[PDB]
Amino acid sequence: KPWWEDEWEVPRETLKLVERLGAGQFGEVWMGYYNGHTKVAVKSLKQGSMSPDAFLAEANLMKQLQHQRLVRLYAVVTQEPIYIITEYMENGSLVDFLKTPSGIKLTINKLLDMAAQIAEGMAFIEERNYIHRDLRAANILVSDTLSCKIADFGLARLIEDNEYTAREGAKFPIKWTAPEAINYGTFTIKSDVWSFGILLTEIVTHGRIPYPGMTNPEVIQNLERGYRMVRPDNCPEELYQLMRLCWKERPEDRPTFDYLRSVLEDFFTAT
Ligand SMILES: c1ccc(-c2oc3ncnc(NCCN4CCNCC4)c3c2-c2ccccc2)cc1
Numbered sequence: 024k025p026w027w028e029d030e031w032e033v034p035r036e037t038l039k040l041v042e043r044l045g046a047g048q049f050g051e052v053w054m055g056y057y058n059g060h061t062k063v064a065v066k067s068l069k070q071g072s073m074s075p076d077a078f079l080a081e082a083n084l085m086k087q088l089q090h091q092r093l094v095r096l097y098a099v100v101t102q103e104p105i106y107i108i109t110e111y112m113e114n115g116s117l118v119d120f121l122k123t124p125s126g127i128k129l130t131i132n133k134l135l136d137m138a139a140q141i142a143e144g145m146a147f148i149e150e151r152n153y154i155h156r157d158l159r160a161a162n163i164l165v166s167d168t169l170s171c172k173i174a175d176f177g178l179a180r181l182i183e184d185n186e187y188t189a190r191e192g193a194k195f196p197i198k199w200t201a202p203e204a205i206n207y208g209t210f211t212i213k214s215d216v217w218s219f220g221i222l223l224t225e226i227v228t229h230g231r232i233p234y235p236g237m238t239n240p241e242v243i244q245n246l247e248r249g250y251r252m253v254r255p256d257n258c259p260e261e262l263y264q265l266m267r268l269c270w271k272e273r274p275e276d277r278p279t280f281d282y283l284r285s286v287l288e289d290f291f292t293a294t
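Heads up: the sequence shown is residues 24 to 294, going by this note's numbering.
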């Protein structure tokens, strides 16, 4: 709908940027207030760093994916500098939080709890015929109550047919991406499942980079041999085996996110 009819467009005056959370090539992300009292996250696009349409494309996908487990779109300011305002998560990115004094003290019980929360969110994405493509601990945000939500929908896509095929030149993080995606550029929800497996290692190691001591080339070589990531230190065996399911050769053999959620919930209510 046109901005003068869109429920999400808001006057820039309603926003007060207070603290910068990140700065990059394409813009910045700030902590701010909407109408003085409501804490928000404000993403600002760096003019000319990239297409405004590309930037706003994420906010429109977000309009179609609203759920408690996904960072919620709040509003947009479609006049340069373009802004996308979203729900604020007090404890930042999961990968960072797990390294703080609080994160370090978390029990395996709570880690499994968070893992399930993430699977729950992905289960919603799964059911709505969408894919994320950037599922990693850095893209999971943590609330003041230690609840987790999926974030960063820049690469997310609505899957009209079973799969999405990227651009031959498109490149992705080798360590978190499924083989079929790395090799054919083909992404499905099953590709996200593989990524979830890697994310689980990020959780249990409190933010460590996957495939410790290995380069991307080494990771690919080993995977082709049928090897999978070595058991992380102090990783419960049941969780490791759940990770293995996520890394099955055949995408169709990998479990659904609802299955993953269900199992993780049992792991949690057991510990
Ligand atoms: C301390 C520092 C930041 C926050 C922090 O709180 C947040 N709430 C909502 N959204 C955010 N943006 C997610 C952006 N993704 C894309 C960029 N990488 C992270 C995820 C952030 C961030 C944030 C983290 C890292 C970089 C930018 C913004 C909270 C406490």
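Just so it is clear, CB atoms sit at the ideal spot from N, CA and C, and this is done for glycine as well.
Cut-off 8 Å between Cβ atoms - residues of its own chain near residue i, not counting five sequence neighbours on either side
i: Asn185; result: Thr211
i: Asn152; result: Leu181, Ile182 and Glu183
i: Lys133; result: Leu169
i: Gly45; result: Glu51 and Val52
i: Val41; result: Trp53, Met54, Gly55 and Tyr56
i: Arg35; result: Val100, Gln102 and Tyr106
Any non-hydrogen atom of ligand 1 within 7 Å of residue i CB
i: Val94; result: yes
i: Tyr111; result: yes
i: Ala64; result: yes
i: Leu169; result: no
i: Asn83; result: no
i: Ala77; result: no
i: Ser116; result: yes
i: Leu178; result: no
i: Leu262; result: no
Residue environment, residue i, which counts as buried when at least 16 other CB atoms sit within 10 Å
i: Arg248; result: exposed
i: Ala146; result: buried
i: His155; result: buried
i: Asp289; result: exposed
i: residue 302; result: Nothing can be reported for residue 302: it is not among the residues displayed for the chain, which extend from 24 to 294.
i: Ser72; result: exposed
i: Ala293; result: exposed
i: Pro240; result: exposed
i: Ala193; result: exposed
Spatial distance of residue i from residue j (CA atoms)
i: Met237; j: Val33; result: 47 Å
i: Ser67; j: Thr37; result: 15 Å
i: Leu96; j: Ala82; result: 7 Å
i: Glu51; j: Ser125; result: 27 Å
i: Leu287; j: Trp26; result: 42 Å
i: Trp217; j: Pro255; result: 17 Å
i: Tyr187; j: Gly208; result: 8 Å
i: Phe78; j: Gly177; result: 8 Å
i: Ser116; j: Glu103; result: 27 Å
i: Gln91; j: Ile163; result: 13 Å
i: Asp119; j: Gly230; result: 7 Å
i: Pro235; j: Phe195; result: 19 Å
i: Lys213; j: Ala139; result: 17 Å
i: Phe49; j: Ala98; result: 19 Å
i: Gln244; j: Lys39; result: 50 Å
i: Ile226; j: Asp29; result: 39 Å
i: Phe291; j: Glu260; result: 14 Å
i: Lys62; j: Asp167; result: 12 Å
i: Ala142; j: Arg159; result: 12 Å
i: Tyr250; j: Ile108; result: 43 Å
Cutoff 6 Å; reference residue i; Cβ partners in own chain excluding five residues on either side
i: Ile173; result: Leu93 and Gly144
i: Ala204; result: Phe210 and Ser214
i: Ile221; result: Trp199 and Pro233
Cβ neighbours of residue i in the same chain (closer than 7 Å, five flanking residues each side left out)
i: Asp157; result: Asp175, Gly177 and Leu178
i: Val165; result: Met112, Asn114, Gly115, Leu117, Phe120 and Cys171
Below-8 Å beta-carbon distance, residue i vs any chain C residue
i: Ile212; result: Checking the listed chains, one finds no chain C in this structure; it contains a single protein chain.
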